[PDB]
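S.K.: Structure file upload_35.txt (compact mmCIF, C-alpha atoms) right here:
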```
# COMPACT_ATOMS: atom_id res chain seq x y z
CA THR A 1 -106.06 11.77 15.26
CA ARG A 2 -102.69 12.82 16.54
CA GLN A 3 -103.53 11.75 20.05
CA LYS A 4 -104.60 8.36 18.91
CA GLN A 5 -101.36 7.97 17.05
CA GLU A 6 -99.38 8.96 20.10
CA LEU A 7 -101.34 6.59 22.24
CA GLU A 8 -100.58 3.69 20.05
CA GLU A 9 -96.95 4.60 20.20
CA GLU A 10 -96.98 4.95 23.94
CA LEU A 11 -98.39 1.54 24.26
CA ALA A 12 -96.00 0.06 21.77
CA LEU A 13 -92.78 1.33 23.17
CA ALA A 14 -93.73 0.98 26.77
CA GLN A 15 -94.64 -2.67 26.53
CA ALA A 16 -91.53 -3.45 24.50
CA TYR A 17 -89.21 -1.54 26.75
CA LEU A 18 -90.99 -2.82 29.81
CA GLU A 19 -89.08 -6.05 29.89
CA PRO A 20 -85.45 -4.83 29.38
CA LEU A 21 -85.75 -1.94 31.80
CA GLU A 22 -87.16 -4.28 34.34
CA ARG A 23 -84.31 -6.84 33.89
CA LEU A 24 -81.64 -4.22 34.17
CA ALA A 25 -83.41 -2.63 37.16
CA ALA A 26 -83.64 -5.92 39.03
CA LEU A 27 -79.91 -6.38 38.61
CA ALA A 28 -79.08 -2.78 39.23
CA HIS A 29 -80.37 -2.27 42.74
CA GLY A 30 -79.98 1.50 42.05
CA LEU A 31 -76.64 2.77 40.69
CA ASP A 32 -77.43 5.51 38.17
CA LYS A 33 -78.87 7.08 41.28
CA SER A 34 -75.33 7.19 42.50
CA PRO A 35 -72.47 9.16 41.09
CA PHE A 36 -69.97 7.18 43.25
CA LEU A 37 -70.82 4.27 41.11
CA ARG A 38 -72.01 4.78 37.64
CA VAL A 39 -73.78 2.03 35.81
CA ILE A 40 -74.06 1.40 32.19
CA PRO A 41 -76.84 -0.83 31.23
CA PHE A 42 -76.66 -2.47 27.93
CA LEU A 43 -78.36 -5.41 26.40
CA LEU A 44 -76.33 -8.03 24.75
CA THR A 45 -77.17 -11.43 23.38
CA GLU A 46 -75.00 -14.30 24.62
CA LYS A 47 -73.65 -14.31 21.10
CA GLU A 48 -72.08 -11.07 22.23
CA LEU A 49 -71.23 -12.10 25.79
CA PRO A 50 -67.66 -13.53 25.52
CA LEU A 51 -66.59 -10.72 23.15
CA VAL A 52 -68.14 -7.79 25.07
CA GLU A 53 -66.62 -9.33 28.15
CA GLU A 54 -63.14 -9.43 26.48
CA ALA A 55 -63.32 -5.77 25.41
CA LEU A 56 -64.54 -4.70 28.86
CA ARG A 57 -62.02 -6.96 30.52
CA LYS A 58 -59.23 -5.47 28.47
CA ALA A 59 -60.10 -1.91 29.44
CA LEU A 60 -61.47 -2.39 32.98
CA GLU A 61 -59.58 -5.45 34.37
CA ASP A 62 -61.54 -6.30 37.52
CA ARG A 63 -62.25 -2.69 38.33
CA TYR A 64 -65.75 -3.12 37.03
CA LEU A 65 -68.70 -5.32 37.69
CA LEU A 66 -70.21 -7.14 34.76
CA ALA A 67 -73.49 -8.73 35.81
CA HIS A 68 -76.36 -10.05 33.83
CA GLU A 69 -79.82 -11.48 34.30
CA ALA A 70 -81.46 -12.62 31.12
CA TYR A 71 -84.12 -10.88 29.08
CA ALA A 72 -84.71 -13.77 26.62
CA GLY A 73 -82.25 -14.54 23.85
CA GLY A 74 -79.76 -12.48 25.69
CA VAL A 75 -79.15 -10.91 28.99
CA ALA A 76 -79.74 -7.48 30.20
CA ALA A 77 -76.35 -6.50 31.39
CA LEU A 78 -74.71 -3.93 33.48
CA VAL A 79 -71.14 -2.78 33.47
CA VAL A 80 -70.67 -0.85 36.61
CA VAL A 81 -67.80 1.41 37.02
CA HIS A 82 -66.46 3.85 39.49
CA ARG A 83 -66.62 7.49 38.77
CA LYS A 84 -63.63 8.46 36.54
CA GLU A 85 -63.88 5.08 34.83
CA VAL A 86 -66.93 6.13 32.85
CA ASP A 87 -65.12 7.24 29.69
CA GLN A 88 -63.22 3.99 29.24
CA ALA A 89 -66.31 1.95 30.11
CA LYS A 90 -68.50 3.32 27.28
CA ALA A 91 -65.66 3.04 24.77
CA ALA A 92 -65.03 -0.65 25.62
CA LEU A 93 -68.61 -1.67 24.97
CA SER A 94 -68.54 0.35 21.74
CA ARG A 95 -65.46 -1.48 20.46
CA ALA A 96 -67.23 -4.78 21.00
CA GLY A 97 -70.17 -3.30 19.12
CA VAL A 98 -72.50 -3.15 22.11
CA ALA A 99 -73.04 0.19 23.84
CA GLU A 100 -74.93 1.64 26.81
CA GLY B 1 -74.57 -8.45 40.63
CA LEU B 2 -72.41 -7.44 43.63
CA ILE B 3 -73.77 -4.03 42.91
CA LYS B 4 -75.93 -3.59 46.05
CA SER B 5 -72.84 -4.09 48.25
CA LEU B 6 -71.05 -1.53 46.29
CA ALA B 7 -74.28 0.55 46.34
CA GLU B 8 -74.37 0.82 50.17
CA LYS B 9 -70.72 1.53 50.89
CA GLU B 10 -71.04 4.65 48.75
CA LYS B 11 -73.38 6.15 51.36
CA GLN B 12 -71.32 5.37 54.45
CA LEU B 13 -68.19 7.06 52.97
CA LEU B 14 -70.13 10.07 51.97
CA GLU B 15 -71.48 10.55 55.50
CA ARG B 16 -67.97 10.37 56.87
CA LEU B 17 -67.32 13.12 54.39
CA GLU B 18 -70.34 15.00 55.77
CA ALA B 19 -68.94 14.69 59.29
CA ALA B 20 -65.73 16.26 57.99
CA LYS B 21 -67.47 19.34 56.53
CA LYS B 22 -69.18 20.24 59.76
CA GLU B 23 -66.25 20.01 62.12
CA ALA B 24 -64.24 21.81 59.47
CA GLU B 25 -66.50 24.86 59.09
CA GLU B 26 -66.98 24.81 62.85
CA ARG B 27 -63.23 25.36 63.52
CA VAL B 28 -63.34 28.56 61.54
CA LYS B 29 -66.39 29.63 63.52
CA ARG B 30 -64.34 28.83 66.67
CA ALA B 31 -61.59 31.16 65.53
CA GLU B 32 -64.26 33.73 64.48
CA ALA B 33 -65.39 33.93 68.09
CA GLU B 34 -61.81 34.33 69.22
CA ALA B 35 -61.03 37.16 66.87
CA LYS B 36 -64.03 39.01 68.08
CA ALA B 37 -63.33 38.48 71.73
CA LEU B 38 -59.66 39.34 71.22
CA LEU B 39 -60.32 42.65 69.59
CA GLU B 40 -63.18 43.73 71.83
CA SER C 1 -65.69 -5.22 44.42
CA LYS C 2 -62.43 -3.45 43.52
CA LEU C 3 -64.68 -0.53 42.75
CA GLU C 4 -65.50 0.29 46.35
CA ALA C 5 -61.82 0.10 47.47
CA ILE C 6 -61.01 2.99 45.17
CA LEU C 7 -64.12 4.78 46.33
CA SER C 8 -63.12 4.46 49.97
CA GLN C 9 -59.64 5.83 49.56
CA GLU C 10 -61.15 8.62 47.49
CA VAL C 11 -63.90 9.90 49.85
CA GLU C 12 -61.60 9.77 52.78
CA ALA C 13 -58.95 12.00 51.15
CA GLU C 14 -61.63 14.66 50.98
CA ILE C 15 -62.44 14.17 54.66
CA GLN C 16 -58.84 14.91 55.60
CA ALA C 17 -58.81 18.03 53.57
CA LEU C 18 -61.87 19.61 55.05
CA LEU C 19 -60.65 19.44 58.54
CA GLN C 20 -57.05 20.33 57.90
CA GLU C 21 -57.85 23.15 55.55
CA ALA C 22 -60.24 24.55 58.08
CA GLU C 23 -57.60 24.57 60.82
CA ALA C 24 -54.91 26.36 58.74
CA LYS C 25 -57.41 29.04 57.69
CA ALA C 26 -58.33 29.32 61.38
CA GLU C 27 -54.66 29.85 62.13
CA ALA C 28 -54.54 32.49 59.39
CA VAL C 29 -57.58 34.15 60.90
CA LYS C 30 -56.05 33.80 64.30
CA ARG C 31 -52.89 35.46 63.05
CA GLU C 32 -54.89 38.34 61.77
CA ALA C 33 -56.49 39.00 65.14
CA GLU C 34 -53.28 38.70 67.06
CA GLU C 35 -51.56 41.32 64.93
CA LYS C 36 -54.49 43.70 64.73
CA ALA C 37 -54.76 43.90 68.51
CA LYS C 38 -51.00 44.19 69.13
CA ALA C 39 -50.56 47.04 66.68
CA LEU C 40 -53.60 48.79 68.05
CA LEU C 41 -52.65 48.62 71.66
CA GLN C 42 -49.28 50.08 70.76
CA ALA C 43 -50.89 52.82 68.68
CA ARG C 44 -53.49 54.04 71.12
CA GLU C 45 -50.97 54.39 73.84
CA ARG C 46 -48.69 56.28 71.41
CA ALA C 47 -51.12 59.06 70.67
CA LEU C 48 -51.95 59.55 74.30
CA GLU C 49 -48.34 59.87 75.30
CA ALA C 50 -47.71 62.57 72.78
CA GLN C 51 -50.80 64.40 73.99
CA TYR C 52 -49.21 64.28 77.43
CA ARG C 53 -45.74 65.63 76.87
CA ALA C 54 -47.19 68.31 74.69
CA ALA C 55 -49.82 68.79 77.37
CA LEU C 56 -47.49 69.49 80.28
CA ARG C 57 -45.75 71.85 77.97
CA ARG C 58 -49.01 73.79 77.49
CA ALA C 59 -49.35 74.00 81.27
CA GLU C 60 -45.87 75.14 81.74
CA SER C 61 -46.38 77.72 79.13
CA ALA C 62 -49.49 78.94 80.86
```
When written as structure tokens, how does the structure in this file appear?

M.R.:
Amino acid sequence: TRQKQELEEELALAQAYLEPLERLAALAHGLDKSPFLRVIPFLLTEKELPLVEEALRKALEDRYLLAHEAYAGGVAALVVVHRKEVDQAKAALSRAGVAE
Amino acid sequence: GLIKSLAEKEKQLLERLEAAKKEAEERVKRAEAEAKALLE
Amino acid sequence: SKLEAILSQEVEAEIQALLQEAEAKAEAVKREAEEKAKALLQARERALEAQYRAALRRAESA
């Protein structure tokens, strides 16, 4: 009974998550692999995009890469930062209301 | 995104760093030989 | 990106430190050897010379 319950959950989450992880991955070309670059995936709707972009922009300047490929109704997004930039990078998304 | 670009460069640099470590530890091993010779 | 410029300059500053650090510690090692041998070669002659003057004395006394 437990196993069945777990199974249903496995299916449920995995299918759901399957699309965003894929979108982010396609963009990401490996970067959480790296410590030299750190990547912060986050999903945002395009409702969010100019605002998230302003918060990030304000902290990061051009010392970050903001890239997105869509997931549907929004874009799976990456903010990429250099090592040492990580702390500012999470905080900036958070201010906007998005987050890693 | 640019990402890939930036995700290749990070290897090259690192392996220039590698190259540094070896020749570095080697110089000490050069002087290690000399100390030995010079005392013997 | 601007990201890899900072990364370059960073990795490289480590490169410069491995090699240079290694040399100075090699010099320090070097300086160790150099002294050890000099002080030794002086000292092992010293003892023998004393055992010489005192030796000829023991002959003379015989």

S.K.: Find the distance between atom CA of residue 73 of chain A and atom CA of residue 24 of chain A and write it in Å to one decimal.

M.R.: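 Interatomic distance here is 14.6 Å.
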
S.K.: Do you have, as JSON lines, the list of residues of chain A lying at most 12 Å from chain B, each with its nearest atom pair and that distance in Å to one decimal, counting all atoms listed in the file and ordered by chain then number?

M.R.:
```
{"residue": "A:23", "atom": "CA", "partner": "B:1", "partner_atom": "CA", "distance": 12.0}
{"residue": "A:24", "atom": "CA", "partner": "B:1", "partner_atom": "CA", "distance": 10.5}
{"residue": "A:25", "atom": "CA", "partner": "B:1", "partner_atom": "CA", "distance": 11.1}
{"residue": "A:26", "atom": "CA", "partner": "B:1", "partner_atom": "CA", "distance": 9.6}
{"residue": "A:27", "atom": "CA", "partner": "B:1", "partner_atom": "CA", "distance": 6.1}
{"residue": "A:28", "atom": "CA", "partner": "B:3", "partner_atom": "CA", "distance": 6.6}
{"residue": "A:29", "atom": "CA", "partner": "B:4", "partner_atom": "CA", "distance": 5.7}
{"residue": "A:30", "atom": "CA", "partner": "B:7", "partner_atom": "CA", "distance": 7.2}
{"residue": "A:31", "atom": "CA", "partner": "B:7", "partner_atom": "CA", "distance": 6.5}
{"residue": "A:32", "atom": "CA", "partner": "B:7", "partner_atom": "CA", "distance": 10.1}
{"residue": "A:33", "atom": "CA", "partner": "B:7", "partner_atom": "CA", "distance": 9.5}
{"residue": "A:34", "atom": "CA", "partner": "B:7", "partner_atom": "CA", "distance": 7.7}
{"residue": "A:35", "atom": "CA", "partner": "B:10", "partner_atom": "CA", "distance": 9.0}
{"residue": "A:36", "atom": "CA", "partner": "B:10", "partner_atom": "CA", "distance": 6.1}
{"residue": "A:37", "atom": "CA", "partner": "B:7", "partner_atom": "CA", "distance": 7.3}
{"residue": "A:38", "atom": "CA", "partner": "B:7", "partner_atom": "CA", "distance": 9.9}
{"residue": "A:39", "atom": "CA", "partner": "B:3", "partner_atom": "CA", "distance": 9.3}
{"residue": "A:63", "atom": "CA", "partner": "B:6", "partner_atom": "CA", "distance": 11.9}
{"residue": "A:64", "atom": "CA", "partner": "B:3", "partner_atom": "CA", "distance": 10.0}
{"residue": "A:65", "atom": "CA", "partner": "B:1", "partner_atom": "CA", "distance": 7.3}
{"residue": "A:66", "atom": "CA", "partner": "B:1", "partner_atom": "CA", "distance": 7.4}
{"residue": "A:67", "atom": "CA", "partner": "B:1", "partner_atom": "CA", "distance": 4.9}
{"residue": "A:68", "atom": "CA", "partner": "B:1", "partner_atom": "CA", "distance": 7.2}
{"residue": "A:69", "atom": "CA", "partner": "B:1", "partner_atom": "CA", "distance": 8.8}
{"residue": "A:76", "atom": "CA", "partner": "B:1", "partner_atom": "CA", "distance": 11.7}
{"residue": "A:77", "atom": "CA", "partner": "B:1", "partner_atom": "CA", "distance": 9.6}
{"residue": "A:78", "atom": "CA", "partner": "B:1", "partner_atom": "CA", "distance": 8.5}
{"residue": "A:79", "atom": "CA", "partner": "B:1", "partner_atom": "CA", "distance": 9.8}
{"residue": "A:80", "atom": "CA", "partner": "B:3", "partner_atom": "CA", "distance": 7.7}
{"residue": "A:81", "atom": "CA", "partner": "B:3", "partner_atom": "CA", "distance": 10.0}
{"residue": "A:82", "atom": "CA", "partner": "B:6", "partner_atom": "CA", "distance": 9.8}
{"residue": "A:83", "atom": "CA", "partner": "B:10", "partner_atom": "CA", "distance": 11.3}
```

S.K.: Could those residues be written to a file, using C-alpha atoms, as an mmCIF file, in the frame of the given file?

M.R.:
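Result file follows (again-v3.cif):
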```
data_model
loop_
_atom_site.group_PDB
_atom_site.id
_atom_site.type_symbol
_atom_site.label_atom_id
_atom_site.label_comp_id
_atom_site.auth_asym_id
_atom_site.auth_seq_id
_atom_site.Cartn_x
_atom_site.Cartn_y
_atom_site.Cartn_z
ATOM 1 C CA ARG A 23 -84.310 -6.840 33.890
ATOM 2 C CA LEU A 24 -81.640 -4.220 34.170
ATOM 3 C CA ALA A 25 -83.410 -2.630 37.160
ATOM 4 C CA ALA A 26 -83.640 -5.920 39.030
ATOM 5 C CA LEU A 27 -79.910 -6.380 38.610
ATOM 6 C CA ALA A 28 -79.080 -2.780 39.230
ATOM 7 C CA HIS A 29 -80.370 -2.270 42.740
ATOM 8 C CA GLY A 30 -79.980 1.500 42.050
ATOM 9 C CA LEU A 31 -76.640 2.770 40.690
ATOM 10 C CA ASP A 32 -77.430 5.510 38.170
ATOM 11 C CA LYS A 33 -78.870 7.080 41.280
ATOM 12 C CA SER A 34 -75.330 7.190 42.500
ATOM 13 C CA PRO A 35 -72.470 9.160 41.090
ATOM 14 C CA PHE A 36 -69.970 7.180 43.250
ATOM 15 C CA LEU A 37 -70.820 4.270 41.110
ATOM 16 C CA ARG A 38 -72.010 4.780 37.640
ATOM 17 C CA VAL A 39 -73.780 2.030 35.810
ATOM 18 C CA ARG A 63 -62.250 -2.690 38.330
ATOM 19 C CA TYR A 64 -65.750 -3.120 37.030
ATOM 20 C CA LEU A 65 -68.700 -5.320 37.690
ATOM 21 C CA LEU A 66 -70.210 -7.140 34.760
ATOM 22 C CA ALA A 67 -73.490 -8.730 35.810
ATOM 23 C CA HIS A 68 -76.360 -10.050 33.830
ATOM 24 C CA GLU A 69 -79.820 -11.480 34.300
ATOM 25 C CA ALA A 76 -79.740 -7.480 30.200
ATOM 26 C CA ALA A 77 -76.350 -6.500 31.390
ATOM 27 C CA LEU A 78 -74.710 -3.930 33.480
ATOM 28 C CA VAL A 79 -71.140 -2.780 33.470
ATOM 29 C CA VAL A 80 -70.670 -0.850 36.610
ATOM 30 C CA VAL A 81 -67.800 1.410 37.020
ATOM 31 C CA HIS A 82 -66.460 3.850 39.490
ATOM 32 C CA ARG A 83 -66.620 7.490 38.770
#
```

S.K.: Can you tell me how far atom CA of residue 29 of chain B sits from atom CA of residue 8 of chain C, in Å to one decimal?

M.R.: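 Taking atom CA of residue 29 of chain B and atom CA of residue 8 of chain C, their separation equals 28.8 Å.
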
S.K.: Taking only C-alpha atoms into account and nothing else, which residues of chain C lie no more than 9 Å away from chain B? Please answer as a PyMOL selection string.

M.R.: chain C and resi 1+3-4+7-8+11-12+14-23+25-27+29-30+32-34+36-37

S.K.: So that all listed atoms of segment 65-79 of chain A fit with 8 Å spare on each side, what axis-aligned box centre and edge lengths in Å, to one decimal, would you give as JSON?

M.R.:
```
{"center_x": -76.7, "center_y": -8.7, "center_z": 30.8, "size_x": 32.0, "size_y": 27.8, "size_z": 29.8}
```

S.K.: Nearest to chain C among A:92, A:43, A:21, A:60, with distances taken over only C-alpha atoms: which residue is it?

M.R.: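 Checking each candidate against chain C, we get A:60 as the closest.
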
S.K.: Smallest atom-to-atom distance to chain C: which of A:10, A:100, A:61, A:87, using all atoms listed in the file?

M.R.: A:61

S.K.: I need the residue nearest chain C from this list: A:6, A:85, A:54, A:48. Use all atoms listed in the file for the distance.

M.R.: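 Nearest to chain C: A:85.
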
S.K.: Quote the spacing between atom CA of residue 96 of chain A and atom CA of residue 55 of chain A in Å to one decimal place.

M.R.: 6.0 Å

S.K.: Which residue, A:84, A:4, A:57, A:90, has the smallest gap to chain C when you use all atoms listed in the file?

M.R.: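 Answer, going by the shortest atom-to-atom distance: A:84.
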
S.K.: For the point (-67.7, -5.7, 14.6) in file coordinates, what residues are within 12 Å, counting only C-alpha atoms? Give the answer as a PDB file with C-alpha atoms, in the frame of the given file?

M.R.:
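Result file is selection-v9.pdb:
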```
ATOM      1  CA  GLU A  48     -72.080 -11.070  22.230  1.00  0.00           C
ATOM      2  CA  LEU A  51     -66.590 -10.720  23.150  1.00  0.00           C
ATOM      3  CA  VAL A  52     -68.140  -7.790  25.070  1.00  0.00           C
ATOM      4  CA  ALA A  55     -63.320  -5.770  25.410  1.00  0.00           C
ATOM      5  CA  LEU A  93     -68.610  -1.670  24.970  1.00  0.00           C
ATOM      6  CA  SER A  94     -68.540   0.350  21.740  1.00  0.00           C
ATOM      7  CA  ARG A  95     -65.460  -1.480  20.460  1.00  0.00           C
ATOM      8  CA  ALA A  96     -67.230  -4.780  21.000  1.00  0.00           C
ATOM      9  CA  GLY A  97     -70.170  -3.300  19.120  1.00  0.00           C
ATOM     10  CA  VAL A  98     -72.500  -3.150  22.110  1.00  0.00           C
TER      11      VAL A  98
END
```

S.K.: With N, CA, C and O atoms as the target, complete segment 31-55 of chain C and hand it back as a PDB file, keeping the file's coordinate frame.

M.R.:
```pdb
ATOM      1  N   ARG C  31     -54.103  34.700  63.184  1.00  0.00           N
ATOM      2  CA  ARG C  31     -52.890  35.460  63.050  1.00  0.00           C
ATOM      3  C   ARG C  31     -53.188  36.871  62.710  1.00  0.00           C
ATOM      4  O   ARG C  31     -52.451  37.784  63.067  1.00  0.00           O
ATOM      5  N   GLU C  32     -54.320  37.064  62.044  1.00  0.00           N
ATOM      6  CA  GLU C  32     -54.890  38.340  61.770  1.00  0.00           C
ATOM      7  C   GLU C  32     -55.287  39.113  62.995  1.00  0.00           C
ATOM      8  O   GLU C  32     -55.077  40.323  63.085  1.00  0.00           O
ATOM      9  N   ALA C  33     -55.947  38.412  63.944  1.00  0.00           N
ATOM     10  CA  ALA C  33     -56.490  39.000  65.140  1.00  0.00           C
ATOM     11  C   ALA C  33     -55.397  39.495  66.019  1.00  0.00           C
ATOM     12  O   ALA C  33     -55.304  40.677  66.336  1.00  0.00           O
ATOM     13  N   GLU C  34     -54.498  38.553  66.331  1.00  0.00           N
ATOM     14  CA  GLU C  34     -53.280  38.700  67.060  1.00  0.00           C
ATOM     15  C   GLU C  34     -52.447  39.894  66.688  1.00  0.00           C
ATOM     16  O   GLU C  34     -51.945  40.603  67.558  1.00  0.00           O
ATOM     17  N   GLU C  35     -52.271  40.146  65.374  1.00  0.00           N
ATOM     18  CA  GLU C  35     -51.560  41.320  64.930  1.00  0.00           C
ATOM     19  C   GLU C  35     -52.336  42.563  65.092  1.00  0.00           C
ATOM     20  O   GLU C  35     -51.799  43.538  65.613  1.00  0.00           O
ATOM     21  N   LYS C  36     -53.615  42.553  64.655  1.00  0.00           N
ATOM     22  CA  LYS C  36     -54.490  43.700  64.730  1.00  0.00           C
ATOM     23  C   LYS C  36     -54.539  44.313  66.105  1.00  0.00           C
ATOM     24  O   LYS C  36     -54.421  45.525  66.256  1.00  0.00           O
ATOM     25  N   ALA C  37     -54.710  43.459  67.138  1.00  0.00           N
ATOM     26  CA  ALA C  37     -54.760  43.900  68.510  1.00  0.00           C
ATOM     27  C   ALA C  37     -53.437  44.425  68.993  1.00  0.00           C
ATOM     28  O   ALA C  37     -53.400  45.445  69.667  1.00  0.00           O
ATOM     29  N   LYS C  38     -52.312  43.736  68.713  1.00  0.00           N
ATOM     30  CA  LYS C  38     -51.000  44.190  69.130  1.00  0.00           C
ATOM     31  C   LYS C  38     -50.611  45.548  68.630  1.00  0.00           C
ATOM     32  O   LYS C  38     -50.020  46.340  69.351  1.00  0.00           O
ATOM     33  N   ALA C  39     -50.956  45.842  67.367  1.00  0.00           N
ATOM     34  CA  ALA C  39     -50.560  47.040  66.680  1.00  0.00           C
ATOM     35  C   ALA C  39     -51.399  48.188  67.102  1.00  0.00           C
ATOM     36  O   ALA C  39     -51.061  49.339  66.845  1.00  0.00           O
ATOM     37  N   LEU C  40     -52.574  47.864  67.670  1.00  0.00           N
ATOM     38  CA  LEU C  40     -53.600  48.790  68.050  1.00  0.00           C
ATOM     39  C   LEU C  40     -53.288  49.254  69.419  1.00  0.00           C
ATOM     40  O   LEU C  40     -53.359  50.443  69.711  1.00  0.00           O
ATOM     41  N   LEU C  41     -52.947  48.313  70.304  1.00  0.00           N
ATOM     42  CA  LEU C  41     -52.650  48.620  71.660  1.00  0.00           C
ATOM     43  C   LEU C  41     -51.404  49.435  71.771  1.00  0.00           C
ATOM     44  O   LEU C  41     -51.333  50.311  72.629  1.00  0.00           O
ATOM     45  N   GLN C  42     -50.388  49.171  70.908  1.00  0.00           N
ATOM     46  CA  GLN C  42     -49.280  50.080  70.760  1.00  0.00           C
ATOM     47  C   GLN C  42     -49.673  51.464  70.302  1.00  0.00           C
ATOM     48  O   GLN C  42     -49.180  52.454  70.829  1.00  0.00           O
ATOM     49  N   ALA C  43     -50.517  51.554  69.260  1.00  0.00           N
ATOM     50  CA  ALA C  43     -50.890  52.820  68.680  1.00  0.00           C
ATOM     51  C   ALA C  43     -51.743  53.730  69.499  1.00  0.00           C
ATOM     52  O   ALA C  43     -51.706  54.943  69.296  1.00  0.00           O
ATOM     53  N   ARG C  44     -52.602  53.183  70.385  1.00  0.00           N
ATOM     54  CA  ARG C  44     -53.490  54.040  71.120  1.00  0.00           C
ATOM     55  C   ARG C  44     -52.849  54.488  72.373  1.00  0.00           C
ATOM     56  O   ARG C  44     -53.254  55.494  72.933  1.00  0.00           O
ATOM     57  N   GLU C  45     -51.789  53.814  72.828  1.00  0.00           N
ATOM     58  CA  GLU C  45     -50.970  54.390  73.840  1.00  0.00           C
ATOM     59  C   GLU C  45     -50.152  55.510  73.282  1.00  0.00           C
ATOM     60  O   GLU C  45     -49.981  56.514  73.965  1.00  0.00           O
ATOM     61  N   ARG C  46     -49.571  55.327  72.063  1.00  0.00           N
ATOM     62  CA  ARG C  46     -48.690  56.280  71.410  1.00  0.00           C
ATOM     63  C   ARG C  46     -49.296  57.640  71.404  1.00  0.00           C
ATOM     64  O   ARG C  46     -48.726  58.566  71.981  1.00  0.00           O
ATOM     65  N   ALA C  47     -50.484  57.780  70.797  1.00  0.00           N
ATOM     66  CA  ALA C  47     -51.120  59.060  70.670  1.00  0.00           C
ATOM     67  C   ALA C  47     -51.334  59.732  71.988  1.00  0.00           C
ATOM     68  O   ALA C  47     -51.202  60.948  72.095  1.00  0.00           O
ATOM     69  N   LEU C  48     -51.693  58.945  73.025  1.00  0.00           N
ATOM     70  CA  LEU C  48     -51.950  59.550  74.300  1.00  0.00           C
ATOM     71  C   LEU C  48     -50.719  60.108  74.912  1.00  0.00           C
ATOM     72  O   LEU C  48     -50.746  61.192  75.475  1.00  0.00           O
ATOM     73  N   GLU C  49     -49.587  59.416  74.769  1.00  0.00           N
ATOM     74  CA  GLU C  49     -48.340  59.870  75.300  1.00  0.00           C
ATOM     75  C   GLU C  49     -47.879  61.157  74.715  1.00  0.00           C
ATOM     76  O   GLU C  49     -47.264  61.977  75.388  1.00  0.00           O
ATOM     77  N   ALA C  50     -48.074  61.327  73.402  1.00  0.00           N
ATOM     78  CA  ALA C  50     -47.710  62.570  72.780  1.00  0.00           C
ATOM     79  C   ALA C  50     -48.542  63.714  73.274  1.00  0.00           C
ATOM     80  O   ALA C  50     -48.017  64.772  73.604  1.00  0.00           O
ATOM     81  N   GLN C  51     -49.855  63.490  73.408  1.00  0.00           N
ATOM     82  CA  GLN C  51     -50.800  64.400  73.990  1.00  0.00           C
ATOM     83  C   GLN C  51     -50.640  64.678  75.450  1.00  0.00           C
ATOM     84  O   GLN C  51     -51.583  65.116  76.092  1.00  0.00           O
ATOM     85  N   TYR C  52     -49.492  64.318  76.032  1.00  0.00           N
ATOM     86  CA  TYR C  52     -49.210  64.280  77.430  1.00  0.00           C
ATOM     87  C   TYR C  52     -48.059  65.204  77.536  1.00  0.00           C
ATOM     88  O   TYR C  52     -48.096  66.181  78.274  1.00  0.00           O
ATOM     89  N   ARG C  53     -46.972  64.901  76.817  1.00  0.00           N
ATOM     90  CA  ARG C  53     -45.740  65.630  76.870  1.00  0.00           C
ATOM     91  C   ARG C  53     -46.009  67.014  76.391  1.00  0.00           C
ATOM     92  O   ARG C  53     -45.690  68.002  77.049  1.00  0.00           O
ATOM     93  N   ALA C  54     -46.715  67.086  75.250  1.00  0.00           N
ATOM     94  CA  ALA C  54     -47.190  68.310  74.690  1.00  0.00           C
ATOM     95  C   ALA C  54     -48.173  68.971  75.596  1.00  0.00           C
ATOM     96  O   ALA C  54     -48.310  70.179  75.528  1.00  0.00           O
ATOM     97  N   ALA C  55     -48.931  68.205  76.400  1.00  0.00           N
ATOM     98  CA  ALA C  55     -49.820  68.790  77.370  1.00  0.00           C
ATOM     99  C   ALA C  55     -49.207  69.502  78.501  1.00  0.00           C
ATOM    100  O   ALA C  55     -49.677  70.585  78.838  1.00  0.00           O
TER     101      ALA C  55
END
```
